[PDB]
Every structure is written in C-alpha cells, then in structure tokens.
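Visitor: I'm passing along protein.cif; it holds mmCIF, C-alpha atoms and all ligand atoms.
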```cif
data_entry
loop_
_atom_site.label_atom_id
_atom_site.label_comp_id
_atom_site.auth_asym_id
_atom_site.auth_seq_id
_atom_site.Cartn_x
_atom_site.Cartn_y
_atom_site.Cartn_z
CA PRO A 11 63.45 155.14 103.44
CA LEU A 12 64.51 151.67 102.44
CA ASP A 13 66.85 149.62 104.57
CA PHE A 14 69.13 148.09 101.99
CA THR A 15 70.88 146.00 104.60
CA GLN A 16 67.73 144.14 105.57
CA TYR A 17 66.77 143.83 101.92
CA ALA A 18 70.06 142.15 101.32
CA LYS A 19 69.38 139.43 103.84
CA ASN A 20 66.10 137.92 102.72
CA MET A 21 67.29 137.89 99.15
CA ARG A 22 70.55 136.39 100.14
CA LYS A 23 68.58 133.71 101.99
CA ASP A 24 66.46 132.41 99.08
CA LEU A 25 68.80 133.49 96.31
CA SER A 26 72.40 132.90 97.37
CA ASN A 27 74.10 129.57 97.76
CA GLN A 28 74.33 128.12 101.22
CA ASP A 29 78.03 128.77 101.49
CA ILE A 30 77.69 132.43 100.48
CA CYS A 31 75.61 133.60 103.41
CA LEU A 32 74.94 132.72 107.02
CA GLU A 33 71.68 131.32 108.40
CA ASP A 34 70.72 134.71 109.74
CA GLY A 35 71.17 135.83 106.15
CA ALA A 36 74.33 137.85 106.65
CA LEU A 37 77.06 137.28 104.08
CA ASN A 38 80.01 135.22 105.17
CA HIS A 39 83.35 136.76 104.27
CA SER A 40 85.04 133.36 104.56
CA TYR A 41 83.60 132.31 101.20
CA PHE A 42 84.74 135.50 99.56
CA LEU A 43 88.33 135.57 100.67
CA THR A 44 88.92 132.07 99.34
CA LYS A 45 89.09 131.54 95.58
CA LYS A 46 86.73 129.65 93.27
CA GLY A 47 85.31 126.98 94.12
CA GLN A 48 88.05 126.30 96.66
CA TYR A 49 85.89 127.00 99.70
CA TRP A 50 86.29 124.72 102.68
CA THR A 51 82.89 124.14 104.20
CA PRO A 52 82.31 123.45 107.90
CA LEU A 53 80.69 120.25 106.91
CA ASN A 54 83.67 118.91 105.07
CA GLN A 55 85.89 120.05 107.90
CA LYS A 56 84.01 117.61 110.05
CA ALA A 57 84.87 115.16 107.34
CA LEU A 58 88.57 115.77 107.60
CA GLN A 59 88.40 115.26 111.36
CA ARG A 60 86.35 112.17 110.79
CA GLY A 61 88.87 110.98 108.23
CA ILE A 62 91.86 111.14 110.56
CA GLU A 63 89.92 109.07 113.09
CA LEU A 64 89.28 106.36 110.52
CA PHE A 65 92.40 106.28 108.39
CA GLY A 66 95.01 108.26 110.24
CA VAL A 67 97.21 111.20 109.46
CA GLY A 68 99.14 111.05 106.22
CA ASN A 69 96.61 108.64 104.84
CA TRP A 70 95.31 111.23 102.47
CA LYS A 71 95.03 109.05 99.42
CA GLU A 72 93.02 106.50 101.42
CA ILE A 73 91.30 109.30 103.35
CA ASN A 74 90.62 111.29 100.23
CA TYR A 75 88.36 108.76 98.53
CA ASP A 76 86.17 108.26 101.56
CA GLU A 77 85.40 111.78 102.70
CA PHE A 78 86.36 114.04 99.83
CA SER A 79 85.79 112.19 96.59
CA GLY A 80 87.92 114.14 94.11
CA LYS A 81 88.24 115.99 96.25
CA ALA A 82 90.91 118.20 97.72
CA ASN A 83 94.47 119.35 97.21
CA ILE A 84 96.60 116.84 99.05
CA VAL A 85 98.27 119.88 100.52
CA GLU A 86 95.09 121.49 101.79
CA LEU A 87 94.49 118.43 103.91
CA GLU A 88 97.91 118.25 105.46
CA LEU A 89 97.85 121.97 106.10
CA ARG A 90 94.43 121.70 107.74
CA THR A 91 95.53 118.74 109.84
CA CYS A 92 98.45 120.78 111.11
CA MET A 93 95.72 123.08 112.37
CA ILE A 94 93.68 120.33 113.99
CA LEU A 95 96.64 119.21 116.06
CA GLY A 96 97.88 122.70 116.79
CA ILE A 97 101.41 122.07 115.61
CA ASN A 98 103.18 123.25 112.46
CA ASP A 99 105.21 120.09 111.92
CA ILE A 100 102.77 117.22 111.57
CA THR A 101 105.49 114.68 110.89
CA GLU A 102 105.45 113.37 114.46
CA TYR A 103 101.83 112.18 114.23
CA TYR A 104 101.97 110.51 110.82
CA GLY A 105 100.32 107.17 110.18
CA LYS A 106 98.49 107.34 113.47
CA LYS A 107 94.72 107.39 113.49
CA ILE A 108 93.53 109.86 116.07
CA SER A 109 90.05 110.12 117.53
CA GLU A 110 88.24 113.42 117.55
CA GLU A 111 88.42 113.32 121.31
CA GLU A 112 92.16 113.01 121.04
CA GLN A 113 92.75 115.52 118.29
CA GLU A 114 91.17 117.96 120.69
CA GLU A 115 93.63 117.01 123.40
CA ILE A 116 96.69 117.06 121.20
CA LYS A 117 95.73 120.46 119.96
CA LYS A 118 94.98 121.61 123.48
CA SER A 119 98.22 120.14 124.76
CA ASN A 120 100.41 121.28 121.90
CA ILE A 121 99.19 124.82 122.23
CA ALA A 122 99.73 125.06 125.95
CA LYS A 123 103.16 123.72 125.32
CA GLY A 124 103.74 126.28 122.63
CA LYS A 125 102.59 129.13 124.80
CA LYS A 126 104.77 128.38 127.81
CA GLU A 127 107.68 127.64 125.49
CA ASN A 128 106.78 131.00 123.99
CA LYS A 129 106.98 129.52 120.56
CA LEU A 130 103.42 129.52 119.33
CA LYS A 131 102.53 131.80 116.45
CA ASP A 132 99.00 132.29 115.21
CA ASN A 133 97.72 129.71 117.68
CA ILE A 134 99.93 127.02 116.16
CA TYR A 135 102.96 125.63 117.99
CA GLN A 136 106.22 126.00 116.03
CA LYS A 137 108.45 122.97 115.95
CA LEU A 138 112.23 122.91 116.14
CA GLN A 139 114.31 121.15 113.50
CA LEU B 142 118.92 124.03 97.59
CA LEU B 143 116.99 121.71 99.87
CA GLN B 144 117.69 123.79 102.90
CA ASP B 145 116.49 126.87 101.08
CA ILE B 146 113.38 125.09 99.81
CA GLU B 147 112.65 123.37 103.10
CA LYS B 148 112.94 126.77 104.71
CA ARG B 149 110.44 128.48 102.47
CA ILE B 150 107.70 125.88 102.92
CA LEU B 151 107.45 126.44 106.67
CA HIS B 152 107.41 130.17 106.15
CA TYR B 153 104.63 129.69 103.67
CA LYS B 154 102.36 127.46 105.75
CA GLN B 155 102.54 130.11 108.45
CA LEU B 156 100.71 132.68 106.34
CA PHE B 157 97.94 130.25 105.61
CA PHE B 158 97.85 129.38 109.25
CA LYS B 159 97.54 133.07 109.99
CA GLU B 160 94.93 133.89 107.37
CA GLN B 161 92.60 131.12 108.41
CA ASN B 162 93.01 132.34 111.96
CA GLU B 163 92.14 135.91 111.03
CA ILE B 164 89.06 134.69 109.22
CA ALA B 165 88.08 132.80 112.32
CA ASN B 166 88.25 136.12 114.10
CA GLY B 167 86.04 137.95 111.62
CA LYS B 168 88.41 139.38 109.06
CA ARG B 169 86.28 141.22 106.51
CA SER B 170 85.72 140.41 102.87
CA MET B 171 86.68 143.02 100.36
CA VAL B 172 83.07 142.86 99.24
CA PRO B 173 80.80 145.55 100.63
CA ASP B 174 78.30 144.16 103.12
CA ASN B 175 75.20 145.37 101.31
CA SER B 176 75.90 143.58 98.02
CA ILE B 177 73.82 140.55 97.12
CA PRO B 178 75.94 138.11 95.14
CA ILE B 179 74.20 135.14 93.50
CA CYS B 180 75.94 132.32 91.66
CA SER B 181 74.11 130.76 88.78
CA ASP B 182 74.19 130.50 85.06
CA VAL B 183 71.50 132.67 83.55
CA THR B 184 70.49 129.97 81.14
CA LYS B 185 69.95 127.79 84.17
CA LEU B 186 68.46 130.65 86.17
CA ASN B 187 64.75 131.06 86.70
CA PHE B 188 64.20 134.77 87.02
CA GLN B 189 60.84 134.26 88.67
CA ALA B 190 62.56 133.60 91.96
CA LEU B 191 64.51 136.81 91.67
CA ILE B 192 61.39 138.75 90.74
CA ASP B 193 59.31 137.27 93.51
CA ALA B 194 61.86 138.14 96.12
CA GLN B 195 62.57 141.59 94.77
CA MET B 196 58.93 142.51 94.64
CA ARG B 197 58.57 140.98 98.08
CA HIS B 198 61.31 142.93 99.82
CA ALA B 199 61.08 146.11 97.80
CA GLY B 200 57.63 146.11 96.21
CA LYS B 201 59.54 147.59 93.29
CA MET B 202 61.61 146.69 90.27
CA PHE B 203 65.11 147.43 89.21
CA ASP B 204 66.13 151.01 88.56
CA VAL B 205 69.15 149.94 86.55
CA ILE B 206 70.52 146.82 84.87
CA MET B 207 74.05 146.18 83.65
CA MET B 208 75.58 143.72 81.25
CA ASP B 209 78.83 142.53 79.80
CA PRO B 210 77.46 139.58 77.89
CA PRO B 211 79.99 136.81 77.48
CA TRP B 212 79.78 137.12 73.76
CA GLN B 213 80.76 134.12 71.72
CA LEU B 214 83.96 134.48 69.74
CA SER B 229 80.78 132.41 75.09
CA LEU B 230 76.97 132.17 75.58
CA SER B 231 74.99 131.54 72.40
CA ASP B 232 74.14 134.91 70.95
CA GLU B 233 70.57 133.71 70.86
CA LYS B 234 70.59 132.85 74.56
CA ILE B 235 71.41 136.33 75.75
CA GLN B 236 68.82 137.83 73.47
CA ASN B 237 66.29 135.40 74.87
CA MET B 238 66.96 136.18 78.56
CA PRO B 239 63.78 137.42 80.14
CA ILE B 240 65.04 140.93 80.75
CA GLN B 241 61.71 142.61 80.09
CA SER B 242 60.20 140.99 83.18
CA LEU B 243 63.15 142.12 85.28
CA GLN B 244 62.48 145.85 85.07
CA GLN B 245 59.48 148.02 84.19
CA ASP B 246 60.49 151.70 84.55
CA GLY B 247 64.23 152.18 84.23
CA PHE B 248 67.58 152.40 82.48
CA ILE B 249 69.76 149.57 81.12
CA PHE B 250 73.52 149.51 80.47
CA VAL B 251 75.29 147.07 78.21
CA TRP B 252 78.84 146.85 77.05
CA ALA B 253 79.29 146.27 73.40
CA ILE B 254 82.52 145.14 71.91
CA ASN B 255 82.86 146.63 68.47
CA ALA B 256 81.96 143.26 67.00
CA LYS B 257 78.59 143.18 68.67
CA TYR B 258 77.79 146.88 68.69
CA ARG B 259 74.99 146.81 66.18
CA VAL B 260 73.63 143.49 67.39
CA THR B 261 73.52 144.85 70.94
CA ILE B 262 71.45 147.81 69.71
CA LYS B 263 68.96 145.47 68.15
CA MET B 264 68.98 143.57 71.42
CA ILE B 265 67.93 146.37 73.77
CA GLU B 266 65.32 147.58 71.32
CA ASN B 267 64.05 144.03 71.32
CA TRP B 268 63.60 144.16 75.06
CA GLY B 269 61.69 147.39 74.61
CA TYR B 270 64.36 149.96 75.33
CA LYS B 271 64.95 153.26 73.56
CA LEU B 272 68.57 154.03 72.87
CA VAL B 273 69.33 157.40 74.35
CA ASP B 274 73.01 157.57 75.26
CA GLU B 275 76.36 155.86 74.89
CA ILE B 276 79.15 156.00 77.46
CA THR B 277 82.65 155.98 76.13
CA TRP B 278 85.59 154.43 77.99
CA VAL B 279 89.13 155.33 77.05
CA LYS B 280 92.20 153.52 78.21
CA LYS B 281 94.92 155.75 79.55
CA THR B 282 98.59 154.83 79.48
CA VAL B 283 99.35 156.82 82.61
CA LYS B 286 96.34 158.67 77.58
CA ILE B 287 95.99 156.18 74.71
CA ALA B 288 94.80 152.70 73.85
CA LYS B 289 96.28 150.32 71.33
CA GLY B 290 93.62 148.03 69.90
CA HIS B 291 93.90 145.90 66.79
CA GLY B 292 90.89 147.41 65.11
CA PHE B 293 89.60 145.77 61.95
CA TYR B 294 89.13 149.10 60.13
CA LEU B 295 90.22 151.64 62.76
CA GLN B 296 92.27 150.83 65.80
CA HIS B 297 90.16 150.95 68.91
CA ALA B 298 90.97 153.08 71.89
CA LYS B 299 87.69 152.55 73.70
CA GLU B 300 84.77 150.33 74.32
CA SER B 301 81.40 151.70 75.04
CA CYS B 302 78.31 151.22 77.18
CA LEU B 303 74.97 151.46 75.43
CA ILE B 304 72.14 152.84 77.49
CA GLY B 305 68.45 152.35 76.93
CA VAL B 306 65.36 153.47 78.76
CA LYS B 307 61.76 152.46 79.30
CA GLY B 308 58.96 154.05 81.29
CA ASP B 309 58.92 157.23 83.32
CA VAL B 310 62.16 158.65 84.47
CA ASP B 311 60.39 162.00 84.94
CA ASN B 312 60.33 160.65 88.45
CA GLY B 313 62.34 162.07 91.28
CA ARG B 314 64.64 159.10 91.55
CA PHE B 315 66.59 159.53 88.33
CA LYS B 316 68.49 162.77 88.01
CA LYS B 317 69.00 164.19 84.53
CA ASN B 318 72.27 165.81 83.51
CA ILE B 319 74.21 164.21 86.34
CA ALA B 320 76.86 162.24 84.45
CA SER B 321 79.36 162.44 81.63
CA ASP B 322 79.32 160.28 78.50
CA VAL B 323 83.11 159.94 78.63
CA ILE B 324 85.03 157.94 81.26
CA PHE B 325 88.75 158.14 81.95
CA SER B 326 90.12 155.20 84.01
CA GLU B 327 92.99 152.65 83.76
CA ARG B 328 92.33 149.03 82.86
CA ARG B 329 92.72 146.45 85.56
CA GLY B 330 92.66 142.72 84.99
CA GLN B 331 90.63 143.14 81.84
CA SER B 332 87.92 142.61 81.16
CA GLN B 333 87.29 144.77 84.18
CA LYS B 334 85.22 147.92 83.81
CA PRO B 335 85.98 151.32 85.28
CA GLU B 336 84.95 151.88 88.87
CA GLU B 337 83.48 155.24 88.01
CA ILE B 338 80.52 153.67 86.23
CA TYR B 339 78.99 152.89 89.59
CA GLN B 340 79.53 156.49 90.56
CA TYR B 341 77.94 157.63 87.35
CA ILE B 342 75.08 155.32 88.20
CA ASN B 343 74.82 157.16 91.50
CA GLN B 344 74.24 160.42 89.69
CA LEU B 345 71.52 158.87 87.58
CA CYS B 346 69.86 157.02 90.35
CA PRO B 347 70.57 157.98 93.89
CA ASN B 348 70.30 155.10 96.29
CA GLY B 349 67.98 152.97 94.19
CA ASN B 350 67.79 149.26 93.43
CA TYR B 351 70.23 148.11 90.78
CA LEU B 352 71.03 144.80 89.16
CA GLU B 353 73.88 143.37 87.20
CA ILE B 354 74.22 140.33 85.02
CA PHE B 355 77.27 138.28 84.10
CA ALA B 356 79.01 139.75 87.12
CA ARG B 357 82.43 139.00 88.32
CA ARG B 358 83.54 138.96 91.89
CA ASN B 359 85.56 142.14 91.81
CA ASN B 360 82.75 144.44 90.74
CA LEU B 361 80.21 143.80 93.54
CA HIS B 362 78.88 146.91 95.27
CA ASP B 363 76.37 147.82 97.97
CA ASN B 364 72.70 147.81 97.05
CA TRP B 365 73.59 145.92 93.91
CA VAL B 366 72.23 142.52 93.17
CA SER B 367 74.72 140.52 91.16
CA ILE B 368 74.51 137.31 89.15
CA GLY B 369 77.44 135.51 87.58
CA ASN B 370 78.65 131.94 87.56
CA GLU B 371 81.97 133.09 88.95
CA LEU B 372 80.42 134.29 92.21
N1 LIG A 401 76.24 130.80 80.80
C1 LIG A 401 76.56 131.80 81.63
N2 LIG A 401 75.70 132.20 82.57
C2 LIG A 401 76.00 133.19 83.41
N3 LIG A 401 77.14 133.86 83.39
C3 LIG A 401 78.08 133.55 82.50
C4 LIG A 401 77.84 132.48 81.55
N4 LIG A 401 78.93 132.38 80.78
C5 LIG A 401 79.80 133.32 81.22
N5 LIG A 401 79.28 134.02 82.24
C6 LIG A 401 79.92 135.11 83.01
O1 LIG A 401 79.75 136.39 82.44
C7 LIG A 401 80.88 137.18 82.79
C8 LIG A 401 81.42 137.91 81.58
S1 LIG A 401 82.78 138.89 82.08
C9 LIG A 401 81.99 140.12 83.01
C10 LIG A 401 82.99 141.24 83.24
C11 LIG A 401 82.61 141.93 84.53
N6 LIG A 401 81.44 142.72 84.30
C12 LIG A 401 83.61 142.92 84.96
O2 LIG A 401 83.39 143.47 86.04
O3 LIG A 401 84.59 143.16 84.25
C13 LIG A 401 81.91 136.23 83.34
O4 LIG A 401 81.80 136.18 84.75
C14 LIG A 401 81.40 134.88 83.00
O5 LIG A 401 81.71 134.11 84.13
#
```
Could you express the structure from this file as structure tokens?
Guide:
Amino acid sequence: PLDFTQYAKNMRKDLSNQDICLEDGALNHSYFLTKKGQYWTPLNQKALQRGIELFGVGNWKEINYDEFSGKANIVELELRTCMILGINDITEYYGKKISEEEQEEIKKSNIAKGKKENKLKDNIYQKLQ
Amino acid sequence: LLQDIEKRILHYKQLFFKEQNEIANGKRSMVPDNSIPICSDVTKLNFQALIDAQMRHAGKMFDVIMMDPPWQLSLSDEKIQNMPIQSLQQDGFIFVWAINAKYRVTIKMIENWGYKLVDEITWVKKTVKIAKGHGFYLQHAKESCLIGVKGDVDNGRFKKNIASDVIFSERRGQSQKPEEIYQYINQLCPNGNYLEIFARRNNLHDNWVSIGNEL
C-alpha cells in the first residue's frame, strides 16, 4: 500500500542531478548506459551543432575551446558530427562551416541517399572507399 | 597494417552509431526503474533534504541502511563517524561492512549512533570454495557485515528468522558485495524503504535510495 514508483519520482526530482532524471521525474537510462562523467547532455549537443556553424567541421581544437572548454574527447566530437550529417565518413565535409539549417538538410539528404542505395545502417549512410 | 587498422575503425564507429541510436529509441538501463540514485559526497551532503523528502513522500523513515565506508588506508575516519546517521532512521536495522582492520572501530561506530549489535553476516569467497587473503595474523577468507538495531522491530514489517548469517557468492569486480544481501534484506523487511550509503552504480535496486559520488 505504497507506490514505490511514484515515491521514486518526487525524490528523484529534488534529490537527483538534472542529468539523472527527466522533468517528469522518471529516470533517464541514457545517463546510466554511458560511463562516468562522460554523459553527453542535450544542451551541449546543441553546442556541438552550434560549433560546426561557427568554426566548421574538423575545427575541433578551435571549436573545443568555445563550446566545450576542456571539454571533450576529440573523437567524441567527430563521431557525433558523423551523426549530425548522417554519413559515416565525414571526410567530405571537413573544414566547411555548416549552418544548423544545412546540417539538417545534409543529414536528410544523405540518409535518403543511403536508403535508396540500400547502404544505410543504423540510420547512418555508409560510404564507399 | 594500415588497411587492417583503417578497417577496424569504421567497424568500431558503427557500434557507437548503433548504441546511440538504440538509446534514442528507448533502450533500457540495467538499473531497475524503481531505484533512486543520488550523486553527492556525503561530507558535502545535507541530509535534511533527504529527510524532508522521505518524510514527505513516505511519512516514514528508513527500514534499513547499508554501508561500505571508504575507509582510509579514503574518507577521514572521523568524517564517517560524524555523518548524521541517527537522524536518518528511527526504528530499524543497519548494515555495515567492516574490513578486518576496522572491525572493532566499526562496532564502536554503530553503538555511537545508538545501535545495538545483534548479528554479523559472514561472506565467503568461493573458488568455483576458498579465499586467499593476506591476513595479518590469520589469512582471511571472508569479510563480514555488522548489523545493529534500534527501536521496535516487534512490528509486522520485519520478519524474524528469515535469513542466514552466512553468504556463499563469487566475487565480482571487487569491492562488489554479494547480490544475495538484497535478498536477505527482503526476508528481514518485505517491501520496505531502504537506504544505502557510499553506493556504486552496479548495486542499485528497486525501492532503494542510493548515495555515492560515483553515481
Ligand atoms: N567523500 C565521499 N563521499 C561519498 N562517497 C564516497 C566518498 N569517498 C568515496 N565514496 C564512495 O564510497 C564507495 C565505497 S565502495 C562501495 C562498494 C559498493 N557498496 C559495492 O557495491 O561494492 C565508492 O563509491 C566511493 O565512490
């Protein structure tokens, strides 16, 4: 005659760190699959996207200071950018600063291309070498 | 070989690409849904907030508490003793894991917080049946959980004679305690509020509050 599940929420709201649980007060499994301390927050995702628009792809050292101060594995960025553009080889786009409007298109375009080509895995287009 | 190395890297990014995608789709955490992890350092922690909320959403206080203090060889020994445990629970059991170095001190510690020592759980490490420990005077093949009580357990919630002093499990990623402790806690308290301090990520369970700086 206690609902533990509800009890969990309100506690989780005032007690647990913002990343740990959702606004409703449910607990977000994203935080718990990633290690540490290595969590990638929505908000700093916006920052990656913003960073590409300002400094361009493969500008991580310049991009890193501005939006992530330490802040991130150089790899995590490039891997995440591969995701933004929907390709798995990001080489083609390097050194180009791309607007958020356009990252959306490239991703949209690259994926459609992958799907028809029938070479898109995990929602990322695979690129021939 | 460059070709070999170049080849692996693409294969690798794909996993990551997949995992992030699965997460996007709702892939579950190992953690049970009902657990209530909190990340803090106890020294930093104000336990008032925890008490206010617990009283607020349960109108009750913890049935059980658990500890594996990070004994210095690393929180100051004084700091753990000085934690405001007494406020945290009013009518319940406490568990605490004492390395042989701290065994006496631990005793003095629970008594300090007003507990009465009533039982000790023993944990053996099985080869899969023996443990090799570099004991100072006798080699150690167990560590042990010291249990103390305060208040009325004559209450329905705690069930007497429901658990065994000895526990039998293999050691994983030590220091990681046997699963079966949480079962044994089910015997003692069935479906009642529990707490745990110094908690690591792996050991979270439903209905269990947990505080550690690694969460
Ligand atoms: N100052 C501090 N405040 C809070 N927690 C601390 C701390 N110093 C160390 N700890 C944590 O206390 C824990 C001791 S290890 C705990 C073992 C764990 N019970 C298990 O399941 O095996 C570690 O998580 C450590 O991160």
Visitor: Interatomic distance between atom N2 of ligand LIG 401 (chain A) and atom CA of residue 181 of chain B?
Guide: 6.6 Å
Visitor: Starting from chain A, keep only residues with some atom at most 9 Å from an atom of chain B, counting only C-alpha atoms, and report them as JSON, numbers by chain.
Guide: {"A": [12, 14, 15, 16, 17, 18, 19, 20, 21, 22, 24, 25, 26, 27, 30, 36, 37, 38, 39, 40, 41, 42, 43, 46, 47, 89, 90, 92, 93, 98, 99, 131, 132, 133, 134]}
Visitor: For ligand LIG 401 (chain A), collect every residue having any atom at a distance of at most 7 Å from a ligand atom (counting all atoms listed in the file); output as a count of residues only.
Guide: 22
Visitor: Rank nothing, just name the residue among B:212, B:278, B:270, B:351 nearest to residue 258 of chain B, using all atoms listed in the file.
Guide: B:212
Visitor: For the atom pair atom CA of residue 87 of chain A and atom CA of residue 150 of chain B, what is the interatomic distance in Å to one decimal place?
Guide: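 Calculated distance between atom CA of residue 87 of chain A and atom CA of residue 150 of chain B is 15.2 Å.
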Visitor: Could you work out how far atom CA of residue 301 of chain B lies from atom CA of residue 263 of chain B, giving the answer in Å with one decimal?
Guide: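 It comes out at 15.5 Å.
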Visitor: Output segment 97-117 of chain A with N, CA, C and O atoms present, as a PDB file, in the frame of the given file.
Guide:
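New file part-v4.pdb:
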```pdb
ATOM      1  N   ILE A  97      99.976 121.987 115.842  1.00  0.00           N
ATOM      2  CA  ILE A  97     101.410 122.070 115.610  1.00  0.00           C
ATOM      3  C   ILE A  97     101.631 122.568 114.195  1.00  0.00           C
ATOM      4  O   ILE A  97     100.677 122.639 113.428  1.00  0.00           O
ATOM      5  N   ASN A  98     102.854 122.945 113.846  1.00  0.00           N
ATOM      6  CA  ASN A  98     103.180 123.250 112.460  1.00  0.00           C
ATOM      7  C   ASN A  98     104.023 122.203 111.752  1.00  0.00           C
ATOM      8  O   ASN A  98     104.197 122.260 110.549  1.00  0.00           O
ATOM      9  N   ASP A  99     104.539 121.242 112.504  1.00  0.00           N
ATOM     10  CA  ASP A  99     105.210 120.090 111.920  1.00  0.00           C
ATOM     11  C   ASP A  99     104.351 118.907 112.297  1.00  0.00           C
ATOM     12  O   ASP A  99     104.261 118.554 113.454  1.00  0.00           O
ATOM     13  N   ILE A 100     103.741 118.274 111.314  1.00  0.00           N
ATOM     14  CA  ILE A 100     102.770 117.220 111.570  1.00  0.00           C
ATOM     15  C   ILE A 100     103.421 115.856 111.443  1.00  0.00           C
ATOM     16  O   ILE A 100     102.771 114.830 111.558  1.00  0.00           O
ATOM     17  N   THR A 101     104.726 115.866 111.225  1.00  0.00           N
ATOM     18  CA  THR A 101     105.490 114.680 110.890  1.00  0.00           C
ATOM     19  C   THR A 101     105.411 113.652 112.006  1.00  0.00           C
ATOM     20  O   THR A 101     105.353 112.451 111.765  1.00  0.00           O
ATOM     21  N   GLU A 102     105.406 114.156 113.230  1.00  0.00           N
ATOM     22  CA  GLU A 102     105.450 113.370 114.460  1.00  0.00           C
ATOM     23  C   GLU A 102     104.250 112.440 114.591  1.00  0.00           C
ATOM     24  O   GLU A 102     104.359 111.359 115.137  1.00  0.00           O
ATOM     25  N   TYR A 103     103.098 112.898 114.121  1.00  0.00           N
ATOM     26  CA  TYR A 103     101.830 112.180 114.230  1.00  0.00           C
ATOM     27  C   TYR A 103     101.480 111.257 113.076  1.00  0.00           C
ATOM     28  O   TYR A 103     100.444 110.625 113.098  1.00  0.00           O
ATOM     29  N   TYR A 104     102.328 111.182 112.065  1.00  0.00           N
ATOM     30  CA  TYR A 104     101.970 110.510 110.820  1.00  0.00           C
ATOM     31  C   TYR A 104     101.659 109.029 110.988  1.00  0.00           C
ATOM     32  O   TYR A 104     102.314 108.320 111.732  1.00  0.00           O
ATOM     33  N   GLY A 105     100.646 108.578 110.267  1.00  0.00           N
ATOM     34  CA  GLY A 105     100.320 107.170 110.180  1.00  0.00           C
ATOM     35  C   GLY A 105      99.520 106.691 111.354  1.00  0.00           C
ATOM     36  O   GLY A 105      99.188 105.517 111.450  1.00  0.00           O
ATOM     37  N   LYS A 106      99.186 107.627 112.231  1.00  0.00           N
ATOM     38  CA  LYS A 106      98.490 107.340 113.470  1.00  0.00           C
ATOM     39  C   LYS A 106      97.073 107.793 113.292  1.00  0.00           C
ATOM     40  O   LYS A 106      96.846 108.929 112.954  1.00  0.00           O
ATOM     41  N   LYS A 107      96.101 106.936 113.560  1.00  0.00           N
ATOM     42  CA  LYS A 107      94.720 107.390 113.490  1.00  0.00           C
ATOM     43  C   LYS A 107      94.310 107.919 114.841  1.00  0.00           C
ATOM     44  O   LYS A 107      94.449 107.249 115.849  1.00  0.00           O
ATOM     45  N   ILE A 108      93.814 109.147 114.851  1.00  0.00           N
ATOM     46  CA  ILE A 108      93.530 109.860 116.070  1.00  0.00           C
ATOM     47  C   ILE A 108      92.065 110.209 116.172  1.00  0.00           C
ATOM     48  O   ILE A 108      91.507 110.800 115.273  1.00  0.00           O
ATOM     49  N   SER A 109      91.459 109.871 117.298  1.00  0.00           N
ATOM     50  CA  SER A 109      90.050 110.120 117.530  1.00  0.00           C
ATOM     51  C   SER A 109      89.813 111.594 117.692  1.00  0.00           C
ATOM     52  O   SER A 109      90.716 112.339 118.001  1.00  0.00           O
ATOM     53  N   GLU A 110      88.587 112.017 117.456  1.00  0.00           N
ATOM     54  CA  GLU A 110      88.240 113.420 117.550  1.00  0.00           C
ATOM     55  C   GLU A 110      88.461 113.907 118.948  1.00  0.00           C
ATOM     56  O   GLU A 110      88.831 115.046 119.161  1.00  0.00           O
ATOM     57  N   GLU A 111      88.204 113.033 119.904  1.00  0.00           N
ATOM     58  CA  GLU A 111      88.420 113.320 121.310  1.00  0.00           C
ATOM     59  C   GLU A 111      89.875 113.624 121.537  1.00  0.00           C
ATOM     60  O   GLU A 111      90.209 114.446 122.366  1.00  0.00           O
ATOM     61  N   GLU A 112      90.739 112.924 120.823  1.00  0.00           N
ATOM     62  CA  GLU A 112      92.160 113.010 121.040  1.00  0.00           C
ATOM     63  C   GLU A 112      92.809 114.095 120.230  1.00  0.00           C
ATOM     64  O   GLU A 112      93.784 114.679 120.681  1.00  0.00           O
ATOM     65  N   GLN A 113      92.310 114.359 119.029  1.00  0.00           N
ATOM     66  CA  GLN A 113      92.750 115.520 118.290  1.00  0.00           C
ATOM     67  C   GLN A 113      92.525 116.775 119.095  1.00  0.00           C
ATOM     68  O   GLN A 113      93.324 117.714 119.037  1.00  0.00           O
ATOM     69  N   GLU A 114      91.437 116.820 119.838  1.00  0.00           N
ATOM     70  CA  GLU A 114      91.170 117.960 120.690  1.00  0.00           C
ATOM     71  C   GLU A 114      92.202 118.106 121.778  1.00  0.00           C
ATOM     72  O   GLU A 114      92.600 119.205 122.102  1.00  0.00           O
ATOM     73  N   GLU A 115      92.598 116.995 122.381  1.00  0.00           N
ATOM     74  CA  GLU A 115      93.630 117.010 123.400  1.00  0.00           C
ATOM     75  C   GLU A 115      94.997 117.394 122.876  1.00  0.00           C
ATOM     76  O   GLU A 115      95.693 118.182 123.474  1.00  0.00           O
ATOM     77  N   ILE A 116      95.375 116.833 121.742  1.00  0.00           N
ATOM     78  CA  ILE A 116      96.690 117.060 121.200  1.00  0.00           C
ATOM     79  C   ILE A 116      96.808 118.512 120.860  1.00  0.00           C
ATOM     80  O   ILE A 116      97.815 119.130 121.094  1.00  0.00           O
ATOM     81  N   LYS A 117      95.758 119.055 120.283  1.00  0.00           N
ATOM     82  CA  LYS A 117      95.730 120.460 119.960  1.00  0.00           C
ATOM     83  C   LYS A 117      95.773 121.274 121.232  1.00  0.00           C
ATOM     84  O   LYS A 117      96.487 122.248 121.311  1.00  0.00           O
TER      85      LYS A 117
END
```
